[PDB]
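Shown here is one chain on its own, the form deposited in one PDB entry, set out as structure tokens.
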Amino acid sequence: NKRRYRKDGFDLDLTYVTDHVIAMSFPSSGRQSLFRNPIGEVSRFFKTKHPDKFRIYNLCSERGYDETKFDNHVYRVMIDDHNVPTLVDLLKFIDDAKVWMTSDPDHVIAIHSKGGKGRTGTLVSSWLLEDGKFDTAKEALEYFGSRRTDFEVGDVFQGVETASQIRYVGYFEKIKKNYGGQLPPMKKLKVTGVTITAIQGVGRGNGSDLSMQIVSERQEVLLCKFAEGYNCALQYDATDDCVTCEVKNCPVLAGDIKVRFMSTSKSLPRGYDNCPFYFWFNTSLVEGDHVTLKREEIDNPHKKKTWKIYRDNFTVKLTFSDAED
């Protein structure tokens, strides 16, 4: 299939997205080939097919390997599975790839994660935008999906990227188009409220099961427990089918922020990230005093299998205060 390179004595989960941009799965330990690419075979592939002209990107925070197998031509981007790089790390990756690629037209980059799907697609699609093959994140993402997955142009773009992964490729597009490729200026914010619409059928259907964790730089910076008023104050409106919660004591936030919603309900499934729903945003790219995410823009409700629970008007809005000095 599309994911499989079966040629010249190799049998690998490896795709030429373009002639010079490869997406692949994790180069795995030992010789076993049952649903994995053995690192000895992957390193042999590159040394044979692209001698002295490859660079490998390992996007997994969870696992490295002996990079000397690849003649020390490995660059790590620490991304958790089903999550995103920081914008700083994304731009650093883009510059590293740019420097490498500009020096020789036969240079290649090989980007991998665990399966070579969501995290890989975030960086491959961003690279394709940088390299000018596409002008829009949507087209770059769909191209990656068309090459690396069963997705076909004209299909609903599902099964490839989390919602935040899609958002972060969009952030890169905005950085290229509006900020000259430079990191946007810092914006310091505090979250002061969260509003969730279409709450009926979600856990207890009134916010009472929910909690919200804010994470910055891989650390919890705030936890709110709605029923109890732990760092918050909950209001439920049955007629408007919504909960509104004042968020208290938020520290100053800057950069890439991850927000996770947890539940005590045994009727609300967990998706990725060990929670019912979550998302990332960057404070610098916030417009005005809030960010509102529709169902398709939130990680886990983005999957259609969940749409009996998260109905079409399910949204999450964060309200912010300006937290500059």
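In this text, rigid core is short for the largest set of C-alphas that superpose within 1.5 Å between two forms. Residue numbers run from 1 along the displayed sequence. Residues that one form lacks are left out of the comparison.
Keep in mind the form deposited in another entry is missing from the figure; the text below concerns it.
Undergrad: Among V160, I166, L253, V247, which is the residue that shifts its C-alpha 2 Å or more between this form and the one not shown, core superposed?
TA: So the residue whose C-alpha moves 2 Å or more is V160.
Undergrad: So, does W127 move by 2 Å or more at the CA between this form and the one not shown, with the core held fixed?
TA: It does not reach a 2 Å shift.
Undergrad: Once the two forms are fit on the core, has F151 moved its CA by at least 2 Å between this form and the one not shown?
TA: True for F151: a C-alpha shift of 2 Å or more.
Undergrad: I want to verify one pair: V156 and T195. Are their C-alpha atoms nearer or more distant in the other form compared with the form I supplied, knowing the change is 3 Å or more?
TA: The answer is farther, because the C-alphas of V156 and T195 separate from each other in the other form by 3 Å or more.
Undergrad: What happens to the Cα distance from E142 to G159 in the other form: does it get closer or farther than here, with a change of 3 angstroms or more?
TA: Closer is correct, given that in the other form the C-alpha spacing of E142 to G159 is reduced by at least 3 Å.
Undergrad: Once both forms are aligned on the rigid core, what are the runs of 3 or more consecutive residues with C-alpha shifts of 2 Å or more between this form and the one not shown?
TA: In sequence order, the runs that relocate between this form and the one not shown are 1-3, 30-35, 149-161.
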